[PDB]
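Here you get one chain, nothing else, as structure tokens; it is the form deposited in one PDB entry.
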């Protein structure tokens, strides 16, 4: 396998959203300034799924698979919930640029790997249905939208990753 992924807190009780095929991988960040990857995985395990759910969390040098892939998700707050092959959240609790970069590198590699696994383009926020899409892009473009979320762009910017850099990294790898 390409990457070490901890599946110990993979929920087995989440609903399917839509039907196959799922044409998108979604890039998110948690919005939580303090939670670790384990805090997030623990909360995700116990939370009411109606409050939203996802497939992977990246943080503290680890990747935890917390929900199923290839099954849809309640991750983007609109019609593209039914296109979610995977939904990857980056933690927001980094104290240093070094900590951020350790996780950012895992995030890029994972997003690209999931797109490959799904047979989807390694492109970011394009006008095609298929590919990797940010929550911001889904908010701005999905049908039946009920979201205002713009992750992961504000958090990436906090630690010096621009819109253009994120696109370059997704499309080329690191």
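Numbering follows the first chain given and starts at 1.
With 97 to 105 and 82 to 90 compared on mean CA B-factor from the PDB entry, the stretch scoring higher is 97 to 105. When the Cα B-factors of 135, 34, 112, 56 are read from the PDB record, 34 comes out highest. Per the PDB entry, 118 shows the highest C-alpha temperature factor of the residues 118, 64, 27, 69.
Annotation for residue 124: CA B-factor lies in the middle third of the chain's modelled residues. For residue 155, the recorded CA B-factor ranks within the lowest third of the chain. Only modelled residues enter the ranking. Ranked by C-alpha B-factor against the other modelled residues of its chain, residue 41 falls in the lowest third.
There is another form of this protein, the form deposited with a partner chain bound, and it is not shown here; the text below is about that form.
Exactly one of the stretches 49 to 57, 108 to 116, 122 to 130, 64 to 72 approaches the partner chain in the entry with it bound with heavy atoms within 4.5 Å, and it is 49 to 57. Heavy atoms of residue 147 reach within 4.5 Å of the partner chain in the entry with it bound, making it an interface residue. Taking non-hydrogen atoms only, residue 91 never approaches the partner chain to within 4.5 angstroms in the entry with it bound. By the criterion of a heavy atom within 4.5 Å, residue 86 is excluded from the residues contacting the partner chain in the entry with it bound.
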